[PDB]
Amino acid sequence: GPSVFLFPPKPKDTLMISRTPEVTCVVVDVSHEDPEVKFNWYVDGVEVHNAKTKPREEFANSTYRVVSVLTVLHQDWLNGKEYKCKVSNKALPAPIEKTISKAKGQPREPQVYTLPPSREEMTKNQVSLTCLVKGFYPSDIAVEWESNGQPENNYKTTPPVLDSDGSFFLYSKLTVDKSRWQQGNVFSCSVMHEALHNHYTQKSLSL
Amino acid sequence: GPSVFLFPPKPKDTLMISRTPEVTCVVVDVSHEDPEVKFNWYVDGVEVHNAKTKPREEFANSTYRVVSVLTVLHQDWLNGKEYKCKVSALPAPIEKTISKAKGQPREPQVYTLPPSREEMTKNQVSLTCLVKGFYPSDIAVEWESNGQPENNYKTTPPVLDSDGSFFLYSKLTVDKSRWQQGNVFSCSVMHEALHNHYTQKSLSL
Ligand SMILES: *[C@@H]1O[C@H](CO[C@@H]2O[C@@H](C)[C@@H](O)[C@@H](O)[C@@H]2O)[C@@H](O[C@@H]2O[C@H](CO)[C@@H](O[C@@H]3O[C@H](CO[C@H]4O[C@H](CO)[C@@H](O)[C@H](O)[C@@H]4O[C@@H]4O[C@H](CO)[C@@H](O)[C@H](O)[C@H]4NC(C)=O)[C@@H](O)[C@H](O[C@H]4O[C@H](CO)[C@@H](O)[C@H](O)[C@@H]4O[C@@H]4O[C@H](CO)[C@@H](O)[C@H](O)[C@H]4NC(C)=O)[C@@H]3O)[C@H](O)[C@H]2NC(C)=O)[C@H](O)[C@H]1NC(C)=O
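Residues numbered from 1 in each chain as written, not as in the entry; some residues may be left out. Chains lettered and ligands numbered in written order. Heavy atoms only, no water.

Digging into the domain arrangement of chain B
Residue and element names in this part refer to chain B.
- Split into domains, chain B comes out as domain 1 (2–99) and domain 2 (100–205).
- The straight-line distance from the C-alpha centre of domain 1 to that of domain 2 is 32 Å.
- Listed per partner, the contact involves 10 residues of domain 1 and 10 residues of domain 2.
- Of the roughly 930 Å² buried between domain 1 and domain 2 on both sides combined, carbon and sulfur atoms contribute 61%.
- Considering only the side of domain 1, the residues that lose the most area to domain 2 are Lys 12, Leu 15 and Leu 78, jointly responsible for 55% of the buried surface there.
- Taken together, the links from domain 1 to domain 2 amount to 2 salt bridges.
- Inspection of the domain 1/domain 2 interface yields 3 residue pairs in polar contact.
- Elements with a minimum of two residues in the side of domain 1 that touches domain 2: α1 (11–14) and α2 (74–78).
- Tallying contributions element by element places α1 first for the side of domain 1 that touches domain 2, with 3 residues.
- Considered class by class, the residues forming the side of domain 1 that touches domain 2 number 5 nonpolar, 3 polar and 2 charged. (Domains from an automatic or database assignment. Contact = heavy atoms within 4.5 Å. Buried area = accessible area lost by both parts, 1.4 Å probe. Salt bridge = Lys/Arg side-chain N within 4 Å of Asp/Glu carboxyl O. Polar contact = N/O pair within 3.5 Å; in protein donor to acceptor, adjacent residues only side chain to side chain. Helix = DSSP H or I, 4+ residues; strand = E, 2+ residues; numbered from the N terminus. Nonpolar A, V, L, I, M, F, W, Y, C, P; charged D, E, K, R; others polar.)

If you want it as structure tokens, here you go:
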């Protein structure tokens, strides 16, 4: 019948105390003639009742989609506490139990190296800046680009890749005009990982 | 009941006439107490006989997958021909279709990047290869040093870039010593839009 998916909190939400993290239980393909679902959240076995059910959606399919959100404590997720979502539906015989938690294992603090473009690239109106982030565990991490305080435009970050030493790495590419590189402006790679100091580090790249 | 999954040839196979590209019609969940199955391969609607079965009759946990392999022409795959597998305890035969990713091909650019001066500290540094603005995602990237292909490199998946193009990076991990000597390390990239479907970019201290 209906399928159930559990989505962990965004890394940036857990690494900054100022921000609000939350585990998300999304159950889809719930039948049109069975609107009533029943969530049961469990933090390390202990059932909690501070969750909140977002408003539901009707699709072209006509199969309704119900989402329940539980706000968590940053340290509780950082401590690797298990979160278990139990979805109960009138169509299914047995409720669907799902479980999500922080990736288990000895954490490693990422090293971050900024790499300038190549001469061969210079010929072009738009050159690329590279940020190498390697040797981090787990895969949870958030990387951004900025210049002179405000966020930078046109960057993409590649997914985490499993490396030889059992750790992850990634590369982030920021596309800027040849001018802004030759004009002497200074850009910055902001890396946010839990094993870092204050869950934050920053490397400045410039001509 | 039974599921039919079809997979394209490896990108490296089609970019070299020397190698042999194959289209793979993997049938899973065959069932048990019935292991029978029939295959009908089609190229642009026109059926072709020359497909070889490999695994043979099911024996497994519920099933052992029964698979059919087609050998195809390099340029025929490069000229966007559509390949269709027709698998026939089933009311209607399952038909799957696959072909080269449609779109406009773009000539990749390759830029090799030395390690940071921050990285020297470690006796195991990293070399980088940036492949930018290619399409489709079907691409090959390998690392080389003086003819001999040493592999201590990891390659990130192709990522959809803003301008609709694909890109990726590649990281070769070597001892600092080799970089200190002044050795040369080449990035090999293979893409259909490229010249001779191949390009090389050397990097050295
Ligand atoms: C009827 O329609 C609905 C709704 O679809 C919408 O309407 C229809 C009419 C069309 O117009 C659609 O185009 C339109 O979108 C269909 O609903 C879909 O159902 C499928 C399953 O059949 C779901 O697939 C799952 O997707 C998740 C990833 O989902 C995120 O990303 C999507 C884009 O990529 C996005 O659309 C989703 O909303 C969702 O977005 C995330 O949202 C969270 C929470 O809000 C947010 O915080 C995130 O940032 C955001 N992410 C992004 C990228 O935007 C995927 O994870 C699922 O994969 C798991 O399950 C598979 C088996 O089902 C398995 O093969 C996968 O490998 C994977 O398995 C998991 O893997 C992890 C790690 O390896 C592991 O830890 C887990 O244990 C394992 N899971 C288990 C236990 O199995 C899966 O692919 C769609 O999300 C869902 N769409 C939406 C929009 O909700 C419906 O199918 C239609 N029904 C019929 C009968 O046709």
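As for the sheet that holds strand β3 (residues 37–43) of chain A
Residues and elements named next belong to chain A.
- Strand order in this open sheet of 4 strands is β4-β3-β7-β8, and the pairing throughout is antiparallel. A strand with exactly one partner marks an edge of an open sheet, and here the two such strands are β4 (46–48) and β8 (96–100). Adjacent strand axes in the sheet meet at a mean angle of 30° when their direction is disregarded.
- Examined bridge by bridge, strand β7 (residues 83–89) and β8 share 5 bridges and lie antiparallel to one another. Across the sheet, residue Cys 85 finds its bridge partner in β8, namely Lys 98. (Pairing = 2+ DSSP bridges. Axes fitted to C-alpha atoms, helices over the stretch in contact; angles between N-to-C directions.)

Digging into the state of the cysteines
All names here are of chain A.
- Evaluated as defined, the whole model comprises 4 disulfides over all chains.
- Note on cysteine connectivity: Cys 25 is disulfide-linked to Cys 85, with sulfurs 2.0 Å apart. Taking the torsion about the S-S bond as the criterion, the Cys 25 to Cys 85 disulfide, at about -90°, is left-handed. With a gap of 60 residues between them, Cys 25 in strand β2 (residues 22–30) and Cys 85 in strand β7 connect regions that are remote in the sequence. In this structure, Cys 25 and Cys 85 share a single accessibility class: buried.
- Disulfide pairing is shown between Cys 131 and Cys 189; the S-S distance is 2.0 Å. Judged by the torsion about the S-S bond (-80°), the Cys 131/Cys 189 disulfide is left-handed. (Disulfide = S-S within 2.5 Å. Buried < 20%, exposed > 50% of the residue type's maximum accessible area, 1.4 Å probe, protein only.)

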